[PDB]
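Read the structure below first, then the notes.
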Amino acid sequence: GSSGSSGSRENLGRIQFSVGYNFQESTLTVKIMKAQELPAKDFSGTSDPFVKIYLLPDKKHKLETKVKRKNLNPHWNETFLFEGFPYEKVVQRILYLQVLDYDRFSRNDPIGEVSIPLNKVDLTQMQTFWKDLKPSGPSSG
């Protein structure tokens, strides 16, 4: 049954991050500034959000940022480096960033995610981007 017509609004917020690949070292640089407008899960209004990097399609080697408890607008400002991937390739890939809240009771509650082809972004130099964590889907029930 090929069906699916939904259009509900939600306050997932937006994620900020910088993109820039180096030629010499032939490595990728993904700096996750921070998050804002992140939804809560606990009664009081606290949650442990965390970004997850993925070089789609390939999902073998993946990276992620630390986890901040009771923090909806935490600042990661972390710097990662993916070695072993030539520009000519890294471009054919796509930058995947998902901000989920590490919870105990629930397995994993994905708030939102973002997809951006490294081929479109001027990897020639560091470039920032502001996207609104798309609705990765609610919690099945």
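Chain labels A, B, ... are given in the sequence in which chains occur in the structure tokens; within each chain residues are numbered consecutively from 1, and ligands are likewise numbered from 1 in the order shown.
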
**OP:** Write down as a list in words the residues of chain A whose backbone DSSP state falls under alpha helix (DSSP H).
**Re:**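 Residues of chain A classed as alpha helix (DSSP H): residues 87, 88, 89 and 90 of chain A.
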
Print the selection's residues with N, CA and C atoms to a file, as a PDB file, in the first residue's frame.
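Below you can see result_34.pdb, which holds the result:
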ATOM      1  N   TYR A  87      39.055  13.510  -2.108  1.00  0.00           N
ATOM      2  CA  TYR A  87      38.045  14.502  -2.458  1.00  0.00           C
ATOM      3  C   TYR A  87      37.125  13.978  -3.556  1.00  0.00           C
ATOM      4  N   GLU A  88      37.721  13.523  -4.653  1.00  0.00           N
ATOM      5  CA  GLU A  88      36.955  12.996  -5.775  1.00  0.00           C
ATOM      6  C   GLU A  88      35.870  12.037  -5.291  1.00  0.00           C
ATOM      7  N   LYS A  89      36.074  11.473  -4.106  1.00  0.00           N
ATOM      8  CA  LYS A  89      35.116  10.539  -3.527  1.00  0.00           C
ATOM      9  C   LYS A  89      34.231  11.234  -2.497  1.00  0.00           C
ATOM     10  N   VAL A  90      34.857  11.776  -1.457  1.00  0.00           N
ATOM     11  CA  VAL A  90      34.126  12.472  -0.403  1.00  0.00           C
ATOM     12  C   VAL A  90      32.976  13.289  -0.981  1.00  0.00           C
TER      13      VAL A  90
END

Near segment 106-119 of chain A, within 7 Å and counting only C-alpha atoms, which residues show up once chain neighbours fewer than 4 positions away are dropped, as a short mmCIF file (atom, residue, chain, number, x, y, z; two decimals) with N, CA and C atoms, in the first residue's frame?
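Result written to part_9.cif:
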data_model
loop_
_atom_site.label_atom_id
_atom_site.label_comp_id
_atom_site.auth_asym_id
_atom_site.auth_seq_id
_atom_site.Cartn_x
_atom_site.Cartn_y
_atom_site.Cartn_z
N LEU A 12 11.52 21.15 16.40
CA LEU A 12 12.74 20.36 16.50
C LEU A 12 13.97 21.27 16.62
N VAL A 90 34.86 11.78 -1.46
CA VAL A 90 34.13 12.47 -0.40
C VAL A 90 32.98 13.29 -0.98
N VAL A 91 33.15 13.77 -2.21
CA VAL A 91 32.13 14.56 -2.87
C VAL A 91 30.92 13.71 -3.23
N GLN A 92 31.18 12.52 -3.76
CA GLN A 92 30.11 11.60 -4.14
C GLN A 92 29.28 11.19 -2.93
N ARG A 93 29.80 11.47 -1.74
CA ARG A 93 29.12 11.12 -0.50
C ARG A 93 28.20 12.26 -0.05
N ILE A 94 27.51 12.05 1.06
CA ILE A 94 26.60 13.05 1.60
C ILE A 94 26.75 13.18 3.11
N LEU A 95 26.83 14.41 3.60
CA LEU A 95 26.97 14.66 5.02
C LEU A 95 25.65 14.46 5.75
N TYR A 96 25.62 13.48 6.65
CA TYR A 96 24.41 13.18 7.42
C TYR A 96 24.60 13.52 8.89
N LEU A 97 23.73 14.38 9.41
CA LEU A 97 23.80 14.79 10.81
C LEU A 97 22.45 14.61 11.50
N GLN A 98 22.41 13.74 12.50
CA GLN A 98 21.18 13.48 13.24
C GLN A 98 21.36 13.79 14.72
N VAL A 99 20.46 14.61 15.26
CA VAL A 99 20.52 14.98 16.67
C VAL A 99 19.47 14.23 17.48
N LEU A 100 19.91 13.17 18.15
CA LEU A 100 19.01 12.36 18.97
C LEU A 100 19.29 12.57 20.45
N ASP A 101 18.33 12.18 21.29
CA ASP A 101 18.48 12.32 22.74
C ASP A 101 18.68 10.96 23.40
N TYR A 102 19.91 10.68 23.82
CA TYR A 102 20.24 9.42 24.46
C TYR A 102 19.38 9.20 25.70
N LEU A 123 33.58 22.75 -0.73
CA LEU A 123 34.60 22.12 0.10
C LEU A 123 35.94 22.82 -0.06
N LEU A 133 16.64 20.92 11.70
CA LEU A 133 16.56 19.48 11.88
C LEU A 133 15.21 18.95 11.41
N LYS A 134 15.18 18.40 10.20
CA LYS A 134 13.95 17.86 9.63
C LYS A 134 13.37 16.78 10.55
N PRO A 135 12.05 16.56 10.42
CA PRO A 135 11.34 15.56 11.23
C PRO A 135 11.72 14.13 10.84
N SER A 136 12.67 13.56 11.58
CA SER A 136 13.13 12.20 11.31
C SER A 136 12.04 11.19 11.65
N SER A 139 8.04 8.84 17.69
CA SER A 139 8.33 7.57 18.33
C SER A 139 7.19 6.58 18.11
#

Original post:
Using the chain letters and numbers from this document, which residues of segment 44-105 of chain A does DSSP assign to strand (DSSP E or B), as a ChimeraX atom specification?
Top reply: /A:49-56,62-64,78-82,94-101

Deliver the residues from the most recent selection as a file, using N, CA and C atoms, as a PDB file, in the first residue's frame.
ATOM      1  N   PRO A  49      20.766  15.489  24.223  1.00  0.00           N
ATOM      2  CA  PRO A  49      20.919  15.509  22.765  1.00  0.00           C
ATOM      3  C   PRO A  49      22.332  15.142  22.326  1.00  0.00           C
ATOM      4  N   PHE A  50      22.467  14.731  21.069  1.00  0.00           N
ATOM      5  CA  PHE A  50      23.766  14.350  20.526  1.00  0.00           C
ATOM      6  C   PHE A  50      23.704  14.224  19.006  1.00  0.00           C
ATOM      7  N   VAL A  51      24.696  14.793  18.330  1.00  0.00           N
ATOM      8  CA  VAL A  51      24.756  14.745  16.875  1.00  0.00           C
ATOM      9  C   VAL A  51      25.473  13.487  16.395  1.00  0.00           C
ATOM     10  N   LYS A  52      25.021  12.948  15.268  1.00  0.00           N
ATOM     11  CA  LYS A  52      25.619  11.746  14.701  1.00  0.00           C
ATOM     12  C   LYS A  52      25.991  11.962  13.237  1.00  0.00           C
ATOM     13  N   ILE A  53      27.284  11.879  12.942  1.00  0.00           N
ATOM     14  CA  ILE A  53      27.769  12.063  11.579  1.00  0.00           C
ATOM     15  C   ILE A  53      27.806  10.738  10.825  1.00  0.00           C
ATOM     16  N   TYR A  54      27.402  10.773   9.560  1.00  0.00           N
ATOM     17  CA  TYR A  54      27.388   9.574   8.729  1.00  0.00           C
ATOM     18  C   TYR A  54      27.692   9.917   7.274  1.00  0.00           C
ATOM     19  N   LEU A  55      28.675   9.228   6.704  1.00  0.00           N
ATOM     20  CA  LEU A  55      29.066   9.458   5.317  1.00  0.00           C
ATOM     21  C   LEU A  55      28.297   8.536   4.376  1.00  0.00           C
ATOM     22  N   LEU A  56      27.038   8.871   4.124  1.00  0.00           N
ATOM     23  CA  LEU A  56      26.195   8.075   3.239  1.00  0.00           C
ATOM     24  C   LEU A  56      26.722   8.110   1.808  1.00  0.00           C
ATOM     25  N   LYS A  62      31.440   5.525  11.034  1.00  0.00           N
ATOM     26  CA  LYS A  62      30.611   6.658  11.428  1.00  0.00           C
ATOM     27  C   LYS A  62      31.188   7.357  12.654  1.00  0.00           C
ATOM     28  N   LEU A  63      30.889   8.643  12.792  1.00  0.00           N
ATOM     29  CA  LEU A  63      31.378   9.425  13.923  1.00  0.00           C
ATOM     30  C   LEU A  63      30.242  10.207  14.576  1.00  0.00           C
ATOM     31  N   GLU A  64      30.431  10.572  15.840  1.00  0.00           N
ATOM     32  CA  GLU A  64      29.423  11.324  16.577  1.00  0.00           C
ATOM     33  C   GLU A  64      30.073  12.230  17.618  1.00  0.00           C
ATOM     34  N   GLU A  78      33.054  20.939  18.398  1.00  0.00           N
ATOM     35  CA  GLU A  78      34.080  19.912  18.259  1.00  0.00           C
ATOM     36  C   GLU A  78      34.615  19.866  16.830  1.00  0.00           C
ATOM     37  N   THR A  79      35.812  19.312  16.670  1.00  0.00           N
ATOM     38  CA  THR A  79      36.436  19.207  15.357  1.00  0.00           C
ATOM     39  C   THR A  79      36.811  17.764  15.040  1.00  0.00           C
ATOM     40  N   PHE A  80      36.221  17.223  13.979  1.00  0.00           N
ATOM     41  CA  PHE A  80      36.494  15.851  13.570  1.00  0.00           C
ATOM     42  C   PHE A  80      37.335  15.820  12.297  1.00  0.00           C
ATOM     43  N   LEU A  81      37.890  14.652  11.990  1.00  0.00           N
ATOM     44  CA  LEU A  81      38.718  14.487  10.800  1.00  0.00           C
ATOM     45  C   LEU A  81      38.584  13.078  10.235  1.00  0.00           C
ATOM     46  N   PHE A  82      38.103  12.985   9.000  1.00  0.00           N
ATOM     47  CA  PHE A  82      37.927  11.695   8.343  1.00  0.00           C
ATOM     48  C   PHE A  82      39.044  11.442   7.334  1.00  0.00           C
ATOM     49  N   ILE A  94      27.507  12.046   1.060  1.00  0.00           N
ATOM     50  CA  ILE A  94      26.602  13.054   1.598  1.00  0.00           C
ATOM     51  C   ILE A  94      26.751  13.175   3.111  1.00  0.00           C
ATOM     52  N   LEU A  95      26.828  14.410   3.595  1.00  0.00           N
ATOM     53  CA  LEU A  95      26.971  14.664   5.024  1.00  0.00           C
ATOM     54  C   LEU A  95      25.645  14.456   5.749  1.00  0.00           C
ATOM     55  N   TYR A  96      25.619  13.484   6.655  1.00  0.00           N
ATOM     56  CA  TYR A  96      24.413  13.182   7.417  1.00  0.00           C
ATOM     57  C   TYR A  96      24.602  13.523   8.892  1.00  0.00           C
ATOM     58  N   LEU A  97      23.731  14.382   9.410  1.00  0.00           N
ATOM     59  CA  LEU A  97      23.799  14.790  10.810  1.00  0.00           C
ATOM     60  C   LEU A  97      22.449  14.612  11.496  1.00  0.00           C
ATOM     61  N   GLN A  98      22.410  13.740  12.497  1.00  0.00           N
ATOM     62  CA  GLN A  98      21.181  13.479  13.236  1.00  0.00           C
ATOM     63  C   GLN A  98      21.359  13.791  14.719  1.00  0.00           C
ATOM     64  N   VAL A  99      20.459  14.606  15.260  1.00  0.00           N
ATOM     65  CA  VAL A  99      20.517  14.983  16.667  1.00  0.00           C
ATOM     66  C   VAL A  99      19.473  14.228  17.481  1.00  0.00           C
ATOM     67  N   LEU A 100      19.906  13.167  18.152  1.00  0.00           N
ATOM     68  CA  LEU A 100      19.008  12.359  18.969  1.00  0.00           C
ATOM     69  C   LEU A 100      19.290  12.566  20.455  1.00  0.00           C
ATOM     70  N   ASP A 101      18.335  12.177  21.292  1.00  0.00           N
ATOM     71  CA  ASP A 101      18.480  12.317  22.736  1.00  0.00           C
ATOM     72  C   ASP A 101      18.681  10.957  23.397  1.00  0.00           C
TER      73      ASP A 101
END

**OP:** For residue 16 of chain A, list every protein, DNA or RNA residue within 8 Å, evaluated using only C-alpha atoms, and leave out those in the same chain fewer than 4 positions away; present the list as a list in words.
**Re:**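 Here the qualifying residues turn out to be residues 32, 33, 34, 35, 128, 129, 130 and 131 of chain A.
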
Prev. selection, N, CA, C and O atoms, output as a PDB file, in the first residue's frame:
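Written output follows (selection.pdb):
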ATOM      1  N   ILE A  32      30.963  21.053  14.542  1.00  0.00           N
ATOM      2  CA  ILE A  32      29.587  21.214  14.993  1.00  0.00           C
ATOM      3  C   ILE A  32      29.468  22.346  16.006  1.00  0.00           C
ATOM      4  O   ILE A  32      29.587  22.130  17.212  1.00  0.00           O
ATOM      5  N   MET A  33      29.232  23.556  15.509  1.00  0.00           N
ATOM      6  CA  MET A  33      29.093  24.723  16.372  1.00  0.00           C
ATOM      7  C   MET A  33      28.288  24.383  17.623  1.00  0.00           C
ATOM      8  O   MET A  33      28.844  24.239  18.712  1.00  0.00           O
ATOM      9  N   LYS A  34      26.975  24.257  17.458  1.00  0.00           N
ATOM     10  CA  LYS A  34      26.092  23.933  18.573  1.00  0.00           C
ATOM     11  C   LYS A  34      24.661  23.724  18.090  1.00  0.00           C
ATOM     12  O   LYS A  34      24.380  23.812  16.896  1.00  0.00           O
ATOM     13  N   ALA A  35      23.759  23.447  19.027  1.00  0.00           N
ATOM     14  CA  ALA A  35      22.356  23.230  18.697  1.00  0.00           C
ATOM     15  C   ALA A  35      21.464  24.251  19.394  1.00  0.00           C
ATOM     16  O   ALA A  35      21.847  24.833  20.408  1.00  0.00           O
ATOM     17  N   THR A 128      29.827  27.644   6.601  1.00  0.00           N
ATOM     18  CA  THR A 128      28.808  27.329   7.594  1.00  0.00           C
ATOM     19  C   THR A 128      27.452  27.099   6.937  1.00  0.00           C
ATOM     20  O   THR A 128      27.249  27.443   5.773  1.00  0.00           O
ATOM     21  N   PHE A 129      26.527  26.512   7.691  1.00  0.00           N
ATOM     22  CA  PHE A 129      25.190  26.235   7.181  1.00  0.00           C
ATOM     23  C   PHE A 129      24.175  26.177   8.319  1.00  0.00           C
ATOM     24  O   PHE A 129      24.476  25.691   9.409  1.00  0.00           O
ATOM     25  N   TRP A 130      22.973  26.678   8.058  1.00  0.00           N
ATOM     26  CA  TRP A 130      21.913  26.685   9.059  1.00  0.00           C
ATOM     27  C   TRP A 130      20.668  25.976   8.539  1.00  0.00           C
ATOM     28  O   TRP A 130      19.910  26.533   7.745  1.00  0.00           O
ATOM     29  N   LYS A 131      20.461  24.744   8.992  1.00  0.00           N
ATOM     30  CA  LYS A 131      19.306  23.958   8.574  1.00  0.00           C
ATOM     31  C   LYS A 131      18.450  23.568   9.774  1.00  0.00           C
ATOM     32  O   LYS A 131      18.958  23.403  10.883  1.00  0.00           O
TER      33      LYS A 131
END

Subject >> Between atom CA of residue 48 of chain A and atom CA of residue 72 of chain A - distance in Å to one decimal >> reply: 7.3 Å

Original post:
Using only C-alpha atoms, which residue out of A:7, A:84, A:13, A:1 lies closest to residue 38 of chain A?
Top reply: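 Smallest distance to residue 38 of chain A is found for A:13.
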
**OP:** Could you jot down the atom CA of residue 65 of chain A to atom CA of residue 9 of chain A separation for me, Å, one decimal place?
**Re:** 27.1 Å

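Nearest to residue 68 of chain A of all the residues A:83, A:103, A:140, A:21 is A:103, counting only C-alpha atoms.
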